[PDB]
Amino acid sequence: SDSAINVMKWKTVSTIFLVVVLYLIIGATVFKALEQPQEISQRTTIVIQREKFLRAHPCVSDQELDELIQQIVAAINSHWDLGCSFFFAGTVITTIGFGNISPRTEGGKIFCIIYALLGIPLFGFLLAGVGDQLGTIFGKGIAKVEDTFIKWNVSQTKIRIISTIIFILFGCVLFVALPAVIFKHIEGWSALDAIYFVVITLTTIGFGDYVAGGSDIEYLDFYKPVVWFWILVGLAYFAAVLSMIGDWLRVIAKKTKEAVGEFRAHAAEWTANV
Amino acid sequence: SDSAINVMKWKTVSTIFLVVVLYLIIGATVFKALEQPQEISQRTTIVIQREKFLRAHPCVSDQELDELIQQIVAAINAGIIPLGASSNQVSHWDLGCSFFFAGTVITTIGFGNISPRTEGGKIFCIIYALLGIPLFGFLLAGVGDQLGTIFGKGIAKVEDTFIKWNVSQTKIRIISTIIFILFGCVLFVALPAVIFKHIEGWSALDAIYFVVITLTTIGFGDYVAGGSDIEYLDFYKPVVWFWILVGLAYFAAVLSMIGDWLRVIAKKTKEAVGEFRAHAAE
Ligand SMILES: CCCCCCCCCCCCC/C=C/[C@@H](O)[C@H](CO)NC(=O)CCCCCCCCCCCCCCC
Ligand SMILES: *[C@@H]1CC(=O)N(c2ccc(C(=O)NCc3ccc(Cl)cc3Cl)cc2)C1=O
Ligand SMILES: *[C@@H]1CC(=O)N(c2ccc(C(=O)NCc3ccc(Cl)cc3Cl)cc2)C1=O
Ligand SMILES: CCCCCCCCCCCCCCCC
Ligand SMILES: CCCCCCCCCCCCCCCC
Ligand SMILES: CCCCCCCCCCCCCCCC
Ligand SMILES: CCCCCCCCCCCCCCCC
Ligand SMILES: CCCCCCCCCCCCCCCC
Ligand SMILES: CCCCCCCCCCCCCCCC
Ligand SMILES: CCCCCCCCCCCCCCCC
Ligand SMILES: CCCCCCCCCCCCCCCC
Ligand SMILES: CCCCCCCCCCCCCCCC
Ligand SMILES: CCCCCCCCCCCCCCCC
Ligand SMILES: CCCCCCCCCCCCCCCC
Ligand SMILES: CCCCCCCCCCCCCCCC
Ligand SMILES: CCCCCCCCCCCCCCCC
Ligand SMILES: [K+]
Ligand SMILES: [K+]
Ligand SMILES: [K+]
Ligand SMILES: [K+]
Ligand SMILES: [K+]
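Chains A and B supply the protein sequences, listed in that same order.
For the first sequence, the residue numbers in PDB author numbering are 35 to 111, 125 to 321.
Per PDB author numbering, the very first residue in the second sequence carries number 35; after that it's consecutive.
As structure tokens, then:
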């Protein structure tokens, strides 16, 4: 009766694996449908202005312009002053590896390995302590409004649902809405790009297409410090939200398992009623 | 649920915060010393080839050569191959790459080599991440549970064999954890680095560099397996997906162990300064 638990474990893992595979298949087709047509437009614009630059500059040779493009690309393969190396050290221990700057000295790659293996756990302790502090702050606030609801409202199991909505709306305004407003003004980004950056950063995905403080424009003395502070409390908030979404998925997984139970049981007595 | 414990918790957070700032300061200075000479040297060489192209083409407005470079670089962010010899460009958002891109999202290994530029694609990317990340966490937990029981069965075979001469109290736990490290290193780090060096044509260090940056979910994007335009063995990208699956589970356990070690050493250092704070030069 001990291998039976392992078989039931495998049964759970294999169905979750298939669901994840389905998730990747659906997402792939959607990202294809959304991003492929746009890719057509910008690759026609590079070929028109390529030949246009040849046309606009007939002195430039075809053979000598293609030789220039390759070493530009080869060059893509100060960026390391104390400010950026500090920021880079942050992108490592937070796993938000934006990658806009990354070590290419083979000594720098060795240190990057050592720095990450010790940095990730150490920063995890900090992120846990900040989340614990933010948890108690919201706890008193949510406890006060709980005790106001118990007065007019009769029974519980409903106040927790209301309370979780406050956590989202406040957390969205504090950690998503407000910094996105400042990001669009300071960084000159679109409103959607600001939300896009906020979520991509706080989920630790860190694509690198958008980086606050990354462009070489003038920045106020307090700006990057408060963004560091936003990173700290923001990662704690998104960690709780992602865990809550996971808890919702666990409930939906049981309701769907129960829903499919009611369905085939009904369809069984009907095929029997034949 | 408040009281005195919250004050003692806050005191710990502030010391860890200061230590993290120190960690960031020390790391910044080290990366400064290592990476600054290489970037200064090669940016003087680009100015050498700058002026060479500047002199060779006076018809080019020279100040307008940066005007061409900006639209090259801005188009490189979308990933273009603008050569008359290679005017046949293959898709970066085919079903294979969009599958790979969806993986880099839900695993948070956001390599970023390709990223959505359609404003609709960014909205979907937000929804895809907010639901995908928690869902993939369940899979990664199940894989870690599977690897845990396999290592459990493996360690179970030797469990009753350990009853030998020198029967131990607290020492047998350390031995088993050493097998977990060395075995796990060859399976999930050393061996895939070997294949990465052969198939992808990377250096031995770059293969290890890629493995750790990928399996820690940092994902810089300077190294991506299967990203370069090689034919690939057809089995390659599937088996790399499997390495990603069990590799992320393994590195999760290793990172948590390092944190447990850091908790022990933090108390040893806290006690070491304690005997120091009391003695004050005998
Ligand atoms: C460090 C700052 C100075 C910058 C430049 C110094 C070179 C880097 C220091 C590594 C040891 C020097 C000896 C030869 C090194 C090179 O051949 C090179 C190392 O990247 N490749 C190897 O395969 C090394 C052959 C050994 C084969 C074992 C596996 C290869 C892993 C790379 C070295 C160990 C990494 C340690 C990670 C925990
Ligand atoms: C090198 C050029 C440059 O300006 N740069 C840089 C420095 C500092 C920051 C920064 O502090 N961004 C805010 C921040 C802090 C921490 C984390 Cl984990 C993320 C973010 Cl967005 C950005 C860029 C260089 O790298
Ligand atoms: C578009 C061009 C291309 O070749 N490409 C691509 C496709 C597939 C992979 C890949 O599978 N890499 C292994 C892998 C799988 C999953 C995760 Cl999360 C990471 C990694 Cl390294 C790479 C590149 C394009 O994007
Ligand atoms: C598909 C068969 C499920 C039988 C296993 C017992 C139900 C519990 C499944 C809920 C998710 C697994 C554990 C949660 C991960 C921390
Ligand atoms: C953790 C506190 C560090 C303060 C922020 C440093 C970020 C990188 C340095 C760049 C300039 C310093 C702050 C000026 C804001 C633009
Ligand atoms: C508890 C609220 C935190 C919100 C602060 C995050 C702002 C992100 C960008 C920093 C801009 C500096 C000016 C903001 C002044 C409040
Ligand atoms: C690494 C350098 C960080 C830049 C230091 C500025 C931090 C926040 C600005 C504080 C302004 C000082 C005036 C006092 C009023 C708050
Ligand atoms: C424990 C076995 C797996 C059962 C999973 C139930 C369905 C999967 C969850 C649904 C995925 C996202 C739904 C959000 C609405 C589109
Ligand atoms: C994955 C994209 C949206 C979610 C809808 C499809 C999820 C797969 C449904 C599988 C149903 C099986 C439930 C398990 C109980 C027997
Ligand atoms: C996915 C159905 C099986 C193969 C059908 C051909 C679709 C595209 C050809 C090669 C791409 C394989 C799909 C990449 C992601 C699994
Ligand atoms: C295929 C792009 C142009 C076709 C005509 C316009 C359709 C609307 C744009 C496609 C979806 C992006 C916006 C959706 C975000 C709410
Ligand atoms: C050391 C044995 C532990 C189990 C891990 C081996 C993978 C197979 C799991 C057993 C369930 C049968 C698999 C179903 C066929 C794909
Ligand atoms: C059929 C040839 C595969 C090459 C296509 C590139 C994408 C890789 C497809 C593998 C997908 C299965 C792994 C899913 C594990 C979560
Ligand atoms: C051994 C657990 C003691 C309880 C400490 C309260 C929770 C904080 C976690 C560990 C305290 C700092 C660890 C040092 C980080 C390197
Ligand atoms: C709760 C007290 C703060 C914990 C201080 C951490 C001590 C770490 C000692 C240094 C050991 C070398 C590892 C690098 C630092 C984590
Ligand atoms: C890479 C090393 C970074 C940090 C190295 C040590 C930092 C501070 C450790 C000593 C602090 C003693 C705490 C005692 C509190 C009572
Ligand atoms: K993480
Ligand atoms: K990246
Ligand atoms: K990450
Ligand atoms: K990342
Ligand atoms: K990343």
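Positions of the beta carbon are idealized from the N, C-alpha and C atoms, including for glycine.
When DSSP labels each residue in this structure, what does residue i get in the three-state scheme?
i, result
"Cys93 of chain B", "coil"
"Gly155 of chain A", "helix"
"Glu234 of chain B", "coil"
"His126 of chain A", "coil"
"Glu316 of chain A", "helix"
"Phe185 of chain A", "helix"
"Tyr266 of chain A", "coil"
"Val47 of chain B", "helix"
"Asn40 of chain B", "helix"
"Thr211 of chain B", "helix"
"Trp295 of chain B", "helix"
"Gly144 of chain B", "coil"
"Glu98 of chain B", "coil"
Give me the chain B residues within the contact set of residue i, using Cβ-Cβ distance strictly less than 9 Å, ordered along the chain.
i, result
"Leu296 of chain A", "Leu165, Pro168, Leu169 and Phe172"
Nearer than 6 Å: is that true of the beta carbon of residue i relative to any heavy atom of ligand 15?
i, result
"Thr46 of chain B", "yes"
"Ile82 of chain B", "no"
Which residues of chain A have a Cβ atom closer than 8 Å to the Cβ of residue i, listed in chain order?
i, result
"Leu289 of chain B", "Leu164, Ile167, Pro168 and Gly171"
"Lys156 of chain B", "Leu239, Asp240 and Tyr243"
Heavy atom of ligand 7 less than 6 Å from the Cβ of residue i, yes or no?
i, result
"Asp268 of chain A", "yes"
Quick one: which chain A residues come within Cβ less than 9 Å of residue i?
i, result
"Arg151 of chain B", "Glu69, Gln72, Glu73, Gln76 and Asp256"
"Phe51 of chain B", "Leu173, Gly176, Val177 and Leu279"
"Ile82 of chain B", "Near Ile82 of chain B there are no residues of chain A at all, since even the closest Cβ is about 11 Å away, more than 9 Å."
Got a sec: does ligand 16 put a non-hydrogen atom nearer than 6 Å to the Cβ of residue i?
i, result
"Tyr57 of chain B", "yes"
"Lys304 of chain B", "yes"
Candidates the options: which alpha carbon is nearest residue i's?
i, options, result
"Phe214 of chain A", "A:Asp268, A:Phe285, A:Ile233 and A:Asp194", "A:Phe285"
"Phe65 of chain A", "B:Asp128, B:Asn200, B:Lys86 and B:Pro116", "B:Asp128"
"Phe135 of chain A", "A:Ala109, A:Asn111 and A:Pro150", "A:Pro150"
"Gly113 of chain B", "B:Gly146, B:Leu296 and B:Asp179", "B:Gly146"
"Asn111 of chain B", "B:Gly182, B:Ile148 and B:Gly293", "B:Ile148"
"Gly171 of chain A", "B:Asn122, B:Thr79, B:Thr183 and B:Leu289", "B:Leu289"
"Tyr57 of chain A", "B:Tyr162, B:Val124 and B:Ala312", "B:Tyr162"
"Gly118 of chain B", "A:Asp96, A:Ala108 and A:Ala109", "A:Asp96"
"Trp277 of chain A", "A:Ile292, A:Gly137 and A:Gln104", "A:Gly137"
"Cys219 of chain A", "A:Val273, A:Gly235 and A:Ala287", "A:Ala287"
Would residue i and residue j qualify as a contact pair, given that the criterion is a beta-carbon distance under 7 Å?
i, j, result
"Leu173 of chain B", "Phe185 of chain A", "no"
"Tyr257 of chain A", "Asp240 of chain A", "yes"
"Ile160 of chain B", "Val246 of chain A", "yes"
"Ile140 of chain A", "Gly253 of chain A", "no"
"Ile106 of chain B", "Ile82 of chain A", "no"
"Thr152 of chain B", "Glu305 of chain A", "no"
"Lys271 of chain B", "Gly261 of chain B", "no"
"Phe222 of chain A", "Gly176 of chain A", "no"
"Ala224 of chain B", "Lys231 of chain B", "no"
"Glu73 of chain B", "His91 of chain A", "no"
"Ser132 of chain B", "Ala62 of chain A", "yes"
"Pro116 of chain B", "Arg84 of chain A", "yes"
"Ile212 of chain A", "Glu193 of chain A", "no"
"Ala227 of chain B", "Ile209 of chain B", "no"
"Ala283 of chain B", "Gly188 of chain B", "no"
"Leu169 of chain B", "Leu169 of chain A", "no"
Measuring only from the beta carbon, is residue i closer than 6 Å to any heavy atom that is part of ligand 2?
i, result
"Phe134 of chain A", "yes"
"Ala259 of chain A", "yes"
Output, in chain order, the set of chain B residues within a Cβ distance shorter than 7 Å of residue i.
i, result
"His126 of chain A", "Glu73"
Looking at ligand 9, does it come within less than 6 Å of residue i, judged from the CB to the closest heavy atom?
i, result
"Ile60 of chain A", "yes"
Find the residues of chain B that neighbour residue i, judging by a C-beta separation of less than 8 Å, and give them in chain order.
i, result
"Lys66 of chain A", "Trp127, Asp128, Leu129 and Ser132"
"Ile242 of chain A", "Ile160"
"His313 of chain A", "Under the 8 Å cutoff, chain B gives no residues; its nearest Cβ is about 29 Å from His313 of chain A."
Does the beta-carbon of residue i, which I'm using as the reference point, lie nearer than 6 Å to any heavy atom of ligand 8?
i, result
"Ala163 of chain B", "no"
I'd like to confirm something about residue i: is its beta-carbon nearer than 6 Å to some heavy atom of ligand 13, or not?
i, result
"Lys271 of chain B", "yes"
Quick check: does the Cβ of residue i come within less than 6 Å of any heavy atom belonging to ligand 19?
i, result
"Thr138 of chain B", "no"
Would the C-beta of residue i count as close to ligand 10, meaning under 6 Å from any of its heavy atoms?
i, result
"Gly130 of chain B", "yes"
Between residue i and ligand 5, is there a pair consisting of the residue's CB and a ligand heavy atom that are separated by less than 6 Å?
i, result
"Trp275 of chain A", "yes"
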